[PDB]
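K.L.:
Quick one: structure below, then a few questions.
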Amino acid sequence: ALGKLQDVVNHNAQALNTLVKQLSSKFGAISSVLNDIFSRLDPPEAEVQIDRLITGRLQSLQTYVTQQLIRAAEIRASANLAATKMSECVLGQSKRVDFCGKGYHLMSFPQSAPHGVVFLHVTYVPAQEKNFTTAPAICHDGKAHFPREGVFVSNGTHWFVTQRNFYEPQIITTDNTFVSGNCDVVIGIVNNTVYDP
Amino acid sequence: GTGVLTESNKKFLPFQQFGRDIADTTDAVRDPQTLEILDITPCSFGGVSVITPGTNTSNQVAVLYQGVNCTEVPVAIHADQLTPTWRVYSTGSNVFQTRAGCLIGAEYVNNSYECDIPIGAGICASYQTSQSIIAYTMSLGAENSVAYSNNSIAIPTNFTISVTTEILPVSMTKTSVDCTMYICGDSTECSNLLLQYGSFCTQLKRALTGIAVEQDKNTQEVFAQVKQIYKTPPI
Amino acid sequence: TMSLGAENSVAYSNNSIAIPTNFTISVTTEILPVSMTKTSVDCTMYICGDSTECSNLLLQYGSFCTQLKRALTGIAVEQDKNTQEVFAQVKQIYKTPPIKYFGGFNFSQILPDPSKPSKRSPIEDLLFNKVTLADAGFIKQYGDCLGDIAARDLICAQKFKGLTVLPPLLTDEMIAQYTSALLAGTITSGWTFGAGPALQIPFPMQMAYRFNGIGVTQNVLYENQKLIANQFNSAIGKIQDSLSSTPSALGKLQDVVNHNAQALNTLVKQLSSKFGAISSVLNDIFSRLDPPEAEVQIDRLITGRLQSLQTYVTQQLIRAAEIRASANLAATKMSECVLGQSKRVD
Amino acid sequence: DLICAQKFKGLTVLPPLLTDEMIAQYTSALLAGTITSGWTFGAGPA
Ligand SMILES: *[C@@H]1O[C@H](CO)[C@@H](O)[C@H](O)[C@H]1NC(C)=O
Ligand SMILES: *[C@@H]1O[C@H](CO)[C@@H](O)[C@H](O)[C@H]1NC(C)=O
Ligand SMILES: *[C@@H]1O[C@H](CO)[C@@H](O)[C@H](O)[C@H]1NC(C)=O
Ligand SMILES: *[C@@H]1O[C@H](CO)[C@@H](O)[C@H](O)[C@H]1NC(C)=O
Ligand SMILES: *[C@@H]1O[C@H](CO)[C@@H](O)[C@H](O)[C@H]1NC(C)=O
Ligand SMILES: *[C@@H]1O[C@H](CO)[C@@H](O)[C@H](O)[C@H]1NC(C)=O
Ligand SMILES: *[C@@H]1O[C@H](CO)[C@@H](O)[C@H](O)[C@H]1NC(C)=O
Ligand SMILES: *[C@@H]1O[C@H](CO)[C@@H](O)[C@H](O)[C@H]1NC(C)=O
Ligand SMILES: *[C@@H]1O[C@H](CO)[C@@H](O)[C@H](O)[C@H]1NC(C)=O
């Protein structure tokens, strides 16, 4: 579950552990303790031994710092992503798919984890389907009849105009249905009535 | 140098003896005592890679030899050629060749399952049944044929309310290093020699301070988007 | 001097509105890199050319080499993650229905082709052929590398130096199957399958709802169905022609491949630098010097080559971060665009 | 702990400016507003 923060912590700890362990490395030099080098060699050669050791250790610090720069850049990308997620989904309702949850989005709740943030995207998912016979327009009186908002479906014999994301049939009336043109150009136009209130 | 010697079909000009390549390594040589032009090629090699279920579960294991074909891999027994002390695998009967390299220790299965130990080029091993390591091409999923028709729609009559977590990192630990004490602790001569390298320690110090303040800004701009703290109502 | 463009004088008038009276569908491509090539470097065959004393001397340089290997492994697994999260969003591989009459729209250019042994649509075949990819994980038995070959010389030299590439986990056929599942679902179901399984819906109805989602009612779709079908078909054919004509259409992917090839090949050239040593061959250094000076030169050369490898790794890390940003962008595009309809301009 | 050991050799770990109680208070404010106000409190008041 929490792998995406556990890895942050473990990578930081591992980098520091490697940086510490580098102290024992010799880098070709006779030993990795400077006092022994000073108290066992003459200054001219103690000089070069220390030179090599300093170069190695400084280069180790340098690579540590560069790796940290790159990790910080990637974490800043994730922090910009988290800021956008909190703004767009905690403080609103997002309209872009798969940004704030698999499915249609309703809300979101933040929870503060150590070195991170956790969101609880409360989404909406349709479950149970039922096939139907659908027709783009209904030619009542020669004129076509597009559904004002919804799809045309037929439970076999009768036609209803339901919404698209939750089956809920209503009888056809002039308020579900707007008209534009005539039933001579569109294909799949059908013949039905449109009750007038 | 070491390697394998080959009858080079190439022709040297009468005065230069040996060739080279992109890197200045020798890639040919005119053999003395025979005046024959000889090639050089490194003895075959390649990384190995171990495929193990967790030790808490099993102790048997399959080994992947990357790149190499399944011809020289068994020939290379540990006694002479195979450097690692892996003698049983150099003789196993379960040798199977994939596009990643010759692998030893798994039985190829003609089935297909969603897998856990990726190998490469589709293959991926696992543990199954009298129970050992398999090696099978992965399965993308249950190949479905969604029914298209030009007068049939499918309208959902029932919903559900998922709630799915999503975990994002925000900040990291704000380390900081002490250049001189790290490189050499309490050695004045070493400090003298160390200051001679210029603005390295200052540069590291500056970079790490930049990272730390960036962390503080990260947390501040992820969470502190609220004008004033609010209270939940009593009821 | 650079011309920004043809000067124009848009006309303002507080009782003048220009309402268009005719549209024009248009299909326009958009290339994106997703995954780079998974390299993996052998520390002690590059740094320490097939020698014995040098390797022992390397054994006292700390954990630089295991750290390098660990970083490159992280990059490789990251690349497989990128590909898997961009393409394999669909849980269950759908497949196209036998009939291909989608109200008049012609998908033959994008839907798969049963004739070819490579089960890819013709457009995928075109751009595929166009991208000149260097070898990425053949079997390369010792035999194919041994010889006086000419074109394989580059990969052979890289392998000889120990530098090598690893095959991507998902073969190109599995990638093709993933893209075909995305296509079949988005054709016969629409955006509906981004919120669960795929709900079937006749394609003219789906285009009617796409239309209705940009402020134009649906009658300008149902009343002009054949005209829009012809515009769509022509547009797709044009795309095919335009891709075929200019080889620079997809220069981004070629840029990725070439950047990797250059980056790794510089590495092979680096070995021809003495670094202030006697020569660039360890064996000669060991075979002409006494241990004291020999070791000193060896240390000088090992530090040089380790520094070169460190630079290579670092730049690989940078480039992998850029590719991961592009792959996150492509994952967001395949979500908000392929699996839905986007309201974000441009 | 190992932290003391790595503390020597001069590798300090500075604390984060925001303590976990402060961060928890931030998220508590967010939750209370988003529960009794909705989206309204991203735009000006609550
Ligand atoms: C809808 O038709 C398809 C066509 O085969 C069928 O598989 C499916 O079961 C039908 N829907 C229901 C709810 O039965
Ligand atoms: C369809 O809906 C109508 C609504 O009046 C209902 O009377 C009828 O029983 C339903 N089923 C069929 C098969 O017509
Ligand atoms: C629909 O009705 C019209 C007249 O009302 C008739 O001319 C036409 O043939 C009918 N078509 C169908 C498909 O019922
Ligand atoms: C070395 O011995 C071979 C034996 O056949 C002979 O051909 C060759 O000339 C000899 N080389 C020299 C330099 O004498
Ligand atoms: C492995 O070597 C054999 C040698 O006869 C060759 O036939 C075979 O094709 C090689 N493997 C592959 C995958 O090419
Ligand atoms: C649906 O598809 C069938 C088979 O291609 C076709 O005969 C029919 O005309 C289509 N729908 C219409 C327009 O009636
Ligand atoms: C809809 O689904 C719920 C479970 O999600 C179930 O309890 C209920 O009976 C189903 N039918 C209706 C009409 O709600
Ligand atoms: C719209 O433009 C197209 C050009 O492709 C033309 O063929 C068509 O007749 C135009 N329609 C109208 C109503 O002007
Ligand atoms: C679709 O385009 C292809 C390529 O030209 C060809 O089969 C034909 O022109 C069209 N066929 C159908 C059925 O649309």
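Note that each Cβ is placed from the backbone with ideal geometry, even for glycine, and that neighbours are counted across all protein chains shown. Every number in this text was worked out from the coordinates using simple rules, so none of it is lab data.
K.L.:
Taking the alpha-carbon set of chain C, what are its Rg and Dmax in Å?
P.N.:
Computed over the Cα atoms of chain C, radius of gyration and Dmax are 27.6, 96 Å.
K.L.:
So how many Å³ per residue does the convex hull of the Cα atoms of the protein assembly as shown work out to?
P.N.:
So the per-residue hull volume is 281 Å³.
K.L.:
Which distance in nm do the two modelled labels at B:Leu5 and A:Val125 give, with both placed 7 Å along the Cα-to-Cβ direction?
P.N.:
The two pseudo-label positions are separated by 7.0 nm.
K.L.:
Given the DSSP H assignment, sum -39500 (n - 2.57) over each helix run of at least 4 residues in chain C and divide by its residue total; what's the result at 222 nm in deg cm²/dmol, nearest 500?
P.N.:
So the calculated ellipticity at 222 nm is -16500 deg cm²/dmol.
K.L.:
How many angstrom lie between the Cα centre of the stretch C:207-277 and the Cα centre of the stretch A:110-147?
P.N.:
Using only Cα atoms, the two centres lie 31 Å from each other.
K.L.:
Please turn the phi angles of the stretch B:97-111 into ³J(HN,Hα) values with the Karplus equation 6.51 cos²θ - 1.76 cosθ + 1.60 (θ = phi - 60°), one per residue in order, whole Hz, x for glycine and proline.
P.N.:
Taking θ as phi minus 60°, the curve returns 9, 10, 6, 7, x, 5, 10, 10, x, 8, 9, 5, 10, 7, 7 Hz for the stretch B:97-111.
K.L.:
Local charge sum around D:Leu18 (other residues, Cβ-Cβ under 15 Å, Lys/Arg +1, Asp/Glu -1)? Each step should come with its number before you reach the end.
P.N.:
Details: positive: B:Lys174, B:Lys217; negative: B:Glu214, B:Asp216, B:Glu221, D:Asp20, D:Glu21.
Every neighbour counted, the sum reads -3.
K.L.:
Hey, another quick one. To the nearest 0.05, how large is the calculated FRET efficiency for B:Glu166 and B:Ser191 if R₀ is 41 Å and r is the Cβ-Cβ distance?
P.N.:
Calculated value: 0.25.
K.L.:
Additional query: Measuring from label point to label point, each 7 Å out along Cα→Cβ, what is the C:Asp113 to B:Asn94 span in nm?
P.N.:
Roughly 4.2 nm, to one decimal.
K.L.:
What is the P(r) of the stretch C:52-147, as percent of Cα-Cα pairs per 5 Å bin from 0?
P.N.:
Bin by bin from 0 Å, the calculated values are 2, 8, 8, 11, 14, 14, 12, 8, 6, 5, 5, 3, 1, 1, 0.
K.L.:
Output the direction-averaged projected area (hull surface divided by four) of the convex hull of the alpha-carbon atoms of the stretch C:148-266, in nm².
P.N.:
Details: hull surface 49.1 nm².
Result: 12.3 nm².
K.L.:
Quote the convex hull volume per residue of the stretch B:76-235, based on C-alpha atoms, as a whole number of Å³.
P.N.:
Taking the convex hull of the Cα positions in the stretch B:76-235, it is 486 Å³ per residue.
K.L.:
For B:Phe159, what residues show an amide H to amide H distance below 5 Å, using hydrogens built from the backbone and excluding near sequence neighbours?
P.N.:
Counting only residues 5 or more places away or on other chains, the set is A:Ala127.
K.L.:
So, counting K/R as plus one and D/E as minus one, what does the shell of residues with Cβ under 14 Å around B:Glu72 add up to?
P.N.:
On the way: positive: C:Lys140; negative: B:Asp80, C:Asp144.
Its environment carries a net charge of -1.
K.L.:
Using Cα springs under 10 Å in a Gaussian network model of chain A, which residue among A:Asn165, A:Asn131, A:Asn80 shows the largest mean-square fluctuation?
P.N.:
Highest fluctuation among the options: A:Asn131.
K.L.:
How tilted is helix C:225-245 with respect to the longest principal axis of chain C? Cα atoms for both, answer in degrees (0 to 90, nearest 10).
P.N.:
20 degrees
K.L.:
At what distance in angstrom do the alpha carbon centres of the stretch C:313-346 and chain D lie from each other?
P.N.:
Rounded to whole Å, the Cα centres lie 29 Å apart.
K.L.:
Taking every DSSP beta bridge that has both residues in the protein assembly as shown, what percent is antiparallel when rounded to the nearest 5? The partial results should precede the final answer.
P.N.:
Numbers: 63 of 68 bridges.
Of all bridge pairs located within the protein assembly as shown, approximately 95 percent are antiparallel.
K.L.:
For chain A, list the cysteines whose Cβ sits under 4.7 Å from no other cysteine Cβ?
P.N.:
none
K.L.:
Please list, or write none, the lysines whose alpha carbon is within less than 19 Å of the alpha carbon of D:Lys9, excluding same-chain residues fewer than 8 places away.
P.N.:
A:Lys21, A:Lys26, B:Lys174, B:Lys205
K.L.:
Can you find, among B:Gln196, B:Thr175, B:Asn158, the residue sitting farthest towards the positive end of the charge dipole of the stretch B:99-213, where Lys and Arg contribute +1 and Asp and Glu -1 at Cβ?
P.N.:
B:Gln196
K.L.:
Can you sort D:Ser37, C:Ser180 so the residue with the fewest Cβ neighbours within 10 Å comes first?
P.N.:
Listed from fewest to most nearby Cβ atoms, that is D:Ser37, C:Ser180.
K.L.:
Now, a different point. Please order B:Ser171, A:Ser24, B:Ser162 by the number of other Cβ within 10 Å, starting at the fewest.
P.N.:
In order of increasing Cβ crowding within 10 Å: A:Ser24, B:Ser162, B:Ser171.
K.L.:
Okay, moving on. What does the charge add up to near A:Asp184, with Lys and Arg as +1, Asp and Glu as -1, over the other residues with Cβ less than 15 Å from its Cβ? Spell out each step's value before the answer.
P.N.:
Working: positive: A:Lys143, C:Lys226; negative: A:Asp141, C:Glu223.
After counting each charged neighbour, the total is 0.
K.L.:
When Cβ neighbours within 10 Å are restricted to other protein chains, what is their mean count per residue of peptide C:56-62?
P.N.:
4
K.L.:
Mind checking the stretch B:12-60 for chymotrypsin sites (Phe, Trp or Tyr not before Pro) that DSSP puts in a loop (not H, G, I, E or B) and that have at most 14 other Cβ atoms within 10 Å?
P.N.:
When the chymotrypsin sites (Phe, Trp or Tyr not before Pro) of the stretch B:12-60 are filtered for loop state and at most 14 Cβ neighbours within 10 Å, B:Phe15, B:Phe18 remain.
K.L.:
Calculate how steeply helix D:20-36 sits against the longest principal axis of the alpha-carbon atoms of chain D, using the helix alpha-carbon long axis, and give the answer as 0 to 90 degrees to the nearest 10.
P.N.:
20 degrees
K.L.:
Exposure proxy check: B:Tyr230, C:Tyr222, B:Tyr108 ranked by fewest other beta carbons within 10 Å?
P.N.:
B:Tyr108, B:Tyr230, C:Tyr222
K.L.:
Another one. Tell me what chain A gives for mean residue ellipticity at 222 nm when only DSSP H runs of n ≥ 4 count, each as -39,500 (n - 2.57), the sum divided by the residue total, rounded to 500 deg cm²/dmol.
P.N.:
The helix contribution divided over chain A gives -12000 deg cm²/dmol.
K.L.:
In degrees from 0 to 90, rounded to the nearest 10, what is the angle of the helix C:203-212 Cα long axis to the longest principal axis of chain C?
P.N.:
So the helix axis and the longest Cα principal axis differ by about 90 degrees.
K.L.:
For the stretch C:215-346: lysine pairs with Cα atoms under 29 Å, gap of 8 or more or different chains, count?
P.N.:
Close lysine pairs found across the stretch C:215-346: 9.
K.L.:
Let me ask something else about it. Between B:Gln225 and A:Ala73, what is the label-to-label distance in nm when each label sits 7 Å out along the Cα-to-Cβ direction?
P.N.:
2.5 nm
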